[PDB]
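Here's the structure, in structure tokens; my notes come after.
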Amino acid sequence: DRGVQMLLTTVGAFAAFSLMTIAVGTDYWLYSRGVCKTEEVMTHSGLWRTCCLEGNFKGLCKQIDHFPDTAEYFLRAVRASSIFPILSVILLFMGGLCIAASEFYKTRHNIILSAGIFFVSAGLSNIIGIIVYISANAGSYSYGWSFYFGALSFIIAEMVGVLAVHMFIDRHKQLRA
Amino acid sequence: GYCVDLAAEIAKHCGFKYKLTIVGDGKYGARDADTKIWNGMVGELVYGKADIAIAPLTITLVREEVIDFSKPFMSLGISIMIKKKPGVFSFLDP
Amino acid sequence: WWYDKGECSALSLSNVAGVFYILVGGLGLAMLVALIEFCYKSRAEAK
Amino acid sequence: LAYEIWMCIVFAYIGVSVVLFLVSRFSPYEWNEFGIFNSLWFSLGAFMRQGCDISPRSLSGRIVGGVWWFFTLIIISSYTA
Amino acid sequence: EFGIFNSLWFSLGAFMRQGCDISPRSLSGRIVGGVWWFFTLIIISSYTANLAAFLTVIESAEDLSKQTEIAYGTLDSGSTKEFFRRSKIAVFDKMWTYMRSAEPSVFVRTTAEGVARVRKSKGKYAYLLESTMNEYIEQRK
């Protein structure tokens, strides 16, 4: 059906933006036995702050030090600066603006394609982010609800992109008709 | 340490008394043929800054020419000391 | 004084990360090539 | 293969399918039997080293297909080895 | 039919063992296709078989002269230094020249200094010293 598609794409964009933003913000990405603010104890680590739980001083959070071959330095940099998750959030934001601006300037029917490209690219950025995060960590543990929020943001973003391109195709089909 | 124990038995065998002293220069020793100066343990003993060396001091030709060593109490040899991950594109290695 | 001082299978993502990097990079190059062709065709329209 | 590799294989499958669909159907000047459903089928089949029944014909689609082919070769060879 | 673009696609697809959408129909085309198929079989089988090993992964005085990236030193006025200075063996004389010419002075001023300089050079600095100290160090953290 139609008209619902615009609402579904709008809702999805907001959901993806919120999920990815929360994920980048929160710190329940990894449950590991690390060292709290400076023994061993479970530590909910995130993109920026590793924090202590179930400890003599649980609740103490410390900025993660991402440095103690050039490839190792470059990966450590790309992971220290969560450039890929952040780029994902920025792209999702730009996509949201494009979807919103669709209601205005509706005659162009060419900004909605931009929205789709932004959403799909956000997804690709999310994937690279997950790959670098996992790789860096590798150089027992578990993943927390933040990591899975990031993943869900990727899935919803890709679906929203597909819907956007679908409606761009429909608009040009109507125009050519 | 090991030489502190040895020096204890060196004093026992000699009967004399000893005061354990370190070398400030912190070197086993050698001589500058230009300054005619001795460094470290040999510098200390050649100059009289001490009188005896029950320590990990090494006998060698240059220092014997200017000071008196004892009978070697252990042998040694020169040796070398050194500092004791999949590539991104390791999939091309086969 | 010498011996008594004695004091001395699955595949990980790190092994195959390069292939993931290449995949995503390729997807990007493809999207770029497509958009460039689309823009060229848009301008090509005989005004 | 480790749990993470499986998770990222699924994510990449979705991504490759979406990009193949976008790159093949977005241009109005093309209006390719590569809708989203067909794109997902092409990708799944390529990963399982089975037949295709359709192959991208455009330059961009072929780029996507080539990289998915290379990815599949390395990952499945590694699974078997 | 096989134009240059379609022919590049046919070949790439054959190498990645990912099947085809077209295949040569003429005698000459089929000869070319056959040899490319055989080449692909031998090379891909060999890649997979050797990917059955690459699956995740200097110790002499001659080796030391061989390695010039590593800079190696001895105690500045030490029996190792004096043995290098007054040497008559070729290898030790070459090492004495390298010590005297490896600038800045590879020499340290205490044995523990040379040890820590090696332990703080990531294998870009080496120490030439008596065997007893090495045996004690290698046996101790």
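The chains in the structure tokens are called A, B, ... from first to last as shown; in each chain the residues are counted from 1, and the ligands are counted from 1 in the order shown.
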
Per residue of chain C within 7 Å of chain B, which atom pair is closest and at what distance in Å (one decimal), using only C-alpha atoms, listed by chain and increasing number, as JSON lines?
```
{"residue": "C:1", "atom": "CA", "partner": "B:2", "partner_atom": "CA", "distance": 6.2}
{"residue": "C:15", "atom": "CA", "partner": "B:86", "partner_atom": "CA", "distance": 5.8}
{"residue": "C:16", "atom": "CA", "partner": "B:91", "partner_atom": "CA", "distance": 6.9}
{"residue": "C:17", "atom": "CA", "partner": "B:88", "partner_atom": "CA", "distance": 6.1}
{"residue": "C:18", "atom": "CA", "partner": "B:88", "partner_atom": "CA", "distance": 4.8}
```

- For chain E, which residues have at least one atom within 7 Å of chain D, if we go by only C-alpha atoms? Write them as a list in words, please.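 Every residue of chain E that passes the 7 Å test is in residues 16, 18, 19, 21, 48, 51 and 52 of chain E.
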
- Message: Distance limit 7 Å, atoms considered: only C-alpha atoms. Which chain D residues sit that close to chain C? Return them as a PyMOL selection string.
- Response: chain D and resi 1-2+4-5+19+23+27+60+63-64+67-68+71

- Item | Interface, chain A side, toward chain B (10 Å; only C-alpha atoms) as a ChimeraX atom specification | /A:71-72,139

Output C-alpha atoms of each residue in that selection to a file, as a compact mmCIF listing (two decimals), in the first residue's frame.
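The resulting selection.txt:
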```txt
# COMPACT_ATOMS: atom_id res chain seq x y z
CA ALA A 71 48.71 -1.09 10.87
CA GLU A 72 48.27 -1.60 14.59
CA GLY A 139 44.19 -7.31 20.48
```

- Message: Quick check: residues of chain E within 9 Å of chain B, only C-alpha atoms, returned as a PyMOL selection string.
- Response: chain E and resi 46-57+59-61+64+70+72+75-83+86+109-111+115+118-132+134

Can you check which residues of chain D DSSP gives as helix (DSSP H, G or I) on the backbone and send them as an mmCIF file with C-alpha atoms, in the first residue's frame?
```cif
data_model
loop_
_atom_site.group_PDB
_atom_site.id
_atom_site.type_symbol
_atom_site.label_atom_id
_atom_site.label_comp_id
_atom_site.auth_asym_id
_atom_site.auth_seq_id
_atom_site.Cartn_x
_atom_site.Cartn_y
_atom_site.Cartn_z
ATOM 1 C CA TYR D 3 30.562 -16.582 16.454
ATOM 2 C CA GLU D 4 31.614 -13.142 15.354
ATOM 3 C CA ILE D 5 32.459 -14.288 11.855
ATOM 4 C CA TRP D 6 29.010 -15.804 11.467
ATOM 5 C CA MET D 7 27.337 -12.652 12.700
ATOM 6 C CA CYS D 8 29.244 -10.455 10.315
ATOM 7 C CA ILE D 9 28.636 -12.874 7.453
ATOM 8 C CA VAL D 10 24.929 -12.337 7.947
ATOM 9 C CA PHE D 11 25.309 -8.596 8.128
ATOM 10 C CA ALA D 12 27.344 -8.589 4.968
ATOM 11 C CA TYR D 13 24.830 -10.748 3.172
ATOM 12 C CA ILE D 14 22.146 -8.193 3.896
ATOM 13 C CA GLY D 15 24.364 -5.358 2.873
ATOM 14 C CA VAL D 16 25.458 -6.880 -0.396
ATOM 15 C CA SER D 17 21.919 -7.691 -1.293
ATOM 16 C CA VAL D 18 20.667 -4.191 -0.583
ATOM 17 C CA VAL D 19 23.478 -2.568 -2.503
ATOM 18 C CA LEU D 20 22.995 -4.827 -5.501
ATOM 19 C CA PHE D 21 19.310 -3.975 -5.552
ATOM 20 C CA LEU D 22 19.926 -0.244 -5.221
ATOM 21 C CA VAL D 23 22.657 -0.153 -7.830
ATOM 22 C CA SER D 24 20.585 -2.110 -10.318
ATOM 23 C CA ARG D 25 17.132 -0.569 -9.971
ATOM 24 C CA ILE D 36 15.184 -6.952 -3.688
ATOM 25 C CA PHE D 37 13.916 -10.520 -3.505
ATOM 26 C CA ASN D 38 15.971 -11.633 -6.468
ATOM 27 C CA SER D 39 18.983 -9.808 -5.060
ATOM 28 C CA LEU D 40 18.763 -11.685 -1.796
ATOM 29 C CA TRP D 41 18.515 -14.954 -3.718
ATOM 30 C CA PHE D 42 21.517 -14.181 -5.862
ATOM 31 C CA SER D 43 23.601 -13.402 -2.855
ATOM 32 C CA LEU D 44 22.567 -16.472 -0.893
ATOM 33 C CA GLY D 45 23.267 -18.697 -3.780
ATOM 34 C CA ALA D 46 26.622 -17.188 -4.446
ATOM 35 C CA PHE D 47 27.664 -17.769 -0.883
ATOM 36 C CA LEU D 59 29.190 -2.290 -14.504
ATOM 37 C CA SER D 60 28.145 -1.425 -11.011
ATOM 38 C CA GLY D 61 26.288 -4.627 -10.429
ATOM 39 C CA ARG D 62 29.256 -6.532 -11.663
ATOM 40 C CA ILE D 63 31.530 -4.779 -9.197
ATOM 41 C CA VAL D 64 29.258 -5.789 -6.364
ATOM 42 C CA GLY D 65 29.073 -9.287 -7.629
ATOM 43 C CA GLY D 66 32.774 -9.630 -7.970
ATOM 44 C CA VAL D 67 33.564 -8.577 -4.474
ATOM 45 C CA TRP D 68 30.863 -10.865 -3.076
ATOM 46 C CA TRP D 69 32.392 -13.694 -5.081
ATOM 47 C CA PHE D 70 35.847 -13.051 -3.710
ATOM 48 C CA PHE D 71 34.508 -12.821 -0.176
ATOM 49 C CA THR D 72 32.709 -16.084 -0.598
ATOM 50 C CA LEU D 73 35.773 -17.840 -1.968
ATOM 51 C CA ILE D 74 37.981 -16.847 0.922
ATOM 52 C CA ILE D 75 35.393 -17.533 3.622
ATOM 53 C CA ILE D 76 34.239 -20.901 2.339
ATOM 54 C CA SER D 77 37.721 -22.067 1.578
ATOM 55 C CA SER D 78 38.566 -21.207 5.126
ATOM 56 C CA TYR D 79 35.528 -23.047 6.486
ATOM 57 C CA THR D 80 36.452 -26.200 4.670
#
```

- Task: Select residues of chain A: the criterion is any atom within 8 Å of an atom of chain C, counting only C-alpha atoms; output as a PyMOL selection string.
- Result: chain A and resi 124+128+131+134-135+138

With the cut-off set at 6 Å and counting only C-alpha atoms, tabulate each residue of chain C with an atom at most that distance from an atom of chain E, showing the nearest atom pair and its distance in Å to one decimal, ordered by chain and increasing number, as JSON lines.
```
{"residue": "C:2", "atom": "CA", "partner": "E:136", "partner_atom": "CA", "distance": 5.4}
{"residue": "C:6", "atom": "CA", "partner": "E:139", "partner_atom": "CA", "distance": 5.0}
{"residue": "C:7", "atom": "CA", "partner": "E:140", "partner_atom": "CA", "distance": 4.7}
{"residue": "C:8", "atom": "CA", "partner": "E:139", "partner_atom": "CA", "distance": 4.9}
```

Any chance you can output those residues with N, CA and C atoms as a short mmCIF file (atom, residue, chain, number, x, y, z; two decimals), in the first residue's frame?
```
data_model
loop_
_atom_site.label_atom_id
_atom_site.label_comp_id
_atom_site.auth_asym_id
_atom_site.auth_seq_id
_atom_site.Cartn_x
_atom_site.Cartn_y
_atom_site.Cartn_z
N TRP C 2 71.66 -18.66 40.71
CA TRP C 2 71.20 -18.62 39.30
C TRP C 2 69.88 -19.39 39.16
N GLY C 6 64.95 -18.68 39.59
CA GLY C 6 64.13 -19.05 38.42
C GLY C 6 62.76 -18.39 38.41
N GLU C 7 62.46 -17.60 37.38
CA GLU C 7 61.11 -17.00 37.24
C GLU C 7 60.73 -17.17 35.77
N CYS C 8 61.60 -17.80 34.98
CA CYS C 8 61.30 -18.05 33.55
C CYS C 8 62.01 -19.34 33.13
#
```

What are the closest atom pairs, with distances in Å to one decimal, for each residue of chain A lying within 12 Å of chain D, using only C-alpha atoms, rows by chain and rising residue number, as JSON lines?
```
{"residue": "A:109", "atom": "CA", "partner": "D:28", "partner_atom": "CA", "distance": 11.9}
{"residue": "A:110", "atom": "CA", "partner": "D:28", "partner_atom": "CA", "distance": 11.0}
{"residue": "A:112", "atom": "CA", "partner": "D:26", "partner_atom": "CA", "distance": 11.4}
{"residue": "A:113", "atom": "CA", "partner": "D:26", "partner_atom": "CA", "distance": 8.2}
{"residue": "A:114", "atom": "CA", "partner": "D:26", "partner_atom": "CA", "distance": 11.1}
{"residue": "A:116", "atom": "CA", "partner": "D:22", "partner_atom": "CA", "distance": 9.0}
{"residue": "A:117", "atom": "CA", "partner": "D:22", "partner_atom": "CA", "distance": 8.7}
{"residue": "A:119", "atom": "CA", "partner": "D:18", "partner_atom": "CA", "distance": 11.0}
{"residue": "A:120", "atom": "CA", "partner": "D:19", "partner_atom": "CA", "distance": 7.7}
{"residue": "A:121", "atom": "CA", "partner": "D:19", "partner_atom": "CA", "distance": 9.5}
{"residue": "A:122", "atom": "CA", "partner": "D:15", "partner_atom": "CA", "distance": 10.8}
{"residue": "A:123", "atom": "CA", "partner": "D:15", "partner_atom": "CA", "distance": 7.6}
{"residue": "A:124", "atom": "CA", "partner": "D:15", "partner_atom": "CA", "distance": 7.1}
{"residue": "A:125", "atom": "CA", "partner": "D:15", "partner_atom": "CA", "distance": 10.8}
{"residue": "A:126", "atom": "CA", "partner": "D:11", "partner_atom": "CA", "distance": 9.9}
{"residue": "A:127", "atom": "CA", "partner": "D:11", "partner_atom": "CA", "distance": 7.3}
{"residue": "A:128", "atom": "CA", "partner": "D:8", "partner_atom": "CA", "distance": 9.9}
{"residue": "A:129", "atom": "CA", "partner": "D:8", "partner_atom": "CA", "distance": 11.3}
{"residue": "A:130", "atom": "CA", "partner": "D:8", "partner_atom": "CA", "distance": 8.4}
{"residue": "A:131", "atom": "CA", "partner": "D:8", "partner_atom": "CA", "distance": 7.9}
{"residue": "A:132", "atom": "CA", "partner": "D:8", "partner_atom": "CA", "distance": 11.6}
{"residue": "A:133", "atom": "CA", "partner": "D:4", "partner_atom": "CA", "distance": 11.3}
{"residue": "A:134", "atom": "CA", "partner": "D:4", "partner_atom": "CA", "distance": 8.2}
{"residue": "A:135", "atom": "CA", "partner": "D:4", "partner_atom": "CA", "distance": 10.0}
{"residue": "A:138", "atom": "CA", "partner": "D:4", "partner_atom": "CA", "distance": 11.2}
{"residue": "A:142", "atom": "CA", "partner": "D:4", "partner_atom": "CA", "distance": 11.0}
{"residue": "A:143", "atom": "CA", "partner": "D:4", "partner_atom": "CA", "distance": 10.6}
{"residue": "A:148", "atom": "CA", "partner": "D:7", "partner_atom": "CA", "distance": 11.1}
{"residue": "A:150", "atom": "CA", "partner": "D:11", "partner_atom": "CA", "distance": 11.9}
{"residue": "A:151", "atom": "CA", "partner": "D:11", "partner_atom": "CA", "distance": 8.6}
{"residue": "A:152", "atom": "CA", "partner": "D:11", "partner_atom": "CA", "distance": 10.4}
{"residue": "A:153", "atom": "CA", "partner": "D:11", "partner_atom": "CA", "distance": 11.6}
{"residue": "A:154", "atom": "CA", "partner": "D:11", "partner_atom": "CA", "distance": 8.4}
{"residue": "A:155", "atom": "CA", "partner": "D:11", "partner_atom": "CA", "distance": 8.0}
{"residue": "A:156", "atom": "CA", "partner": "D:14", "partner_atom": "CA", "distance": 11.2}
{"residue": "A:157", "atom": "CA", "partner": "D:15", "partner_atom": "CA", "distance": 10.5}
{"residue": "A:158", "atom": "CA", "partner": "D:18", "partner_atom": "CA", "distance": 7.2}
{"residue": "A:159", "atom": "CA", "partner": "D:18", "partner_atom": "CA", "distance": 8.5}
{"residue": "A:160", "atom": "CA", "partner": "D:18", "partner_atom": "CA", "distance": 10.7}
{"residue": "A:161", "atom": "CA", "partner": "D:18", "partner_atom": "CA", "distance": 8.4}
{"residue": "A:162", "atom": "CA", "partner": "D:18", "partner_atom": "CA", "distance": 6.8}
{"residue": "A:163", "atom": "CA", "partner": "D:36", "partner_atom": "CA", "distance": 10.3}
{"residue": "A:164", "atom": "CA", "partner": "D:22", "partner_atom": "CA", "distance": 10.1}
{"residue": "A:165", "atom": "CA", "partner": "D:26", "partner_atom": "CA", "distance": 6.6}
{"residue": "A:166", "atom": "CA", "partner": "D:26", "partner_atom": "CA", "distance": 8.3}
{"residue": "A:167", "atom": "CA", "partner": "D:26", "partner_atom": "CA", "distance": 10.1}
{"residue": "A:168", "atom": "CA", "partner": "D:26", "partner_atom": "CA", "distance": 7.7}
{"residue": "A:169", "atom": "CA", "partner": "D:26", "partner_atom": "CA", "distance": 6.5}
{"residue": "A:170", "atom": "CA", "partner": "D:28", "partner_atom": "CA", "distance": 10.0}
{"residue": "A:171", "atom": "CA", "partner": "D:28", "partner_atom": "CA", "distance": 10.0}
{"residue": "A:172", "atom": "CA", "partner": "D:28", "partner_atom": "CA", "distance": 6.8}
{"residue": "A:173", "atom": "CA", "partner": "D:28", "partner_atom": "CA", "distance": 8.1}
{"residue": "A:174", "atom": "CA", "partner": "D:28", "partner_atom": "CA", "distance": 11.3}
{"residue": "A:175", "atom": "CA", "partner": "D:28", "partner_atom": "CA", "distance": 10.4}
{"residue": "A:176", "atom": "CA", "partner": "D:28", "partner_atom": "CA", "distance": 9.2}
```

- Item | Which of A:69, A:85, A:27, A:141 sits closest to chain E [using only C-alpha atoms] | A:69
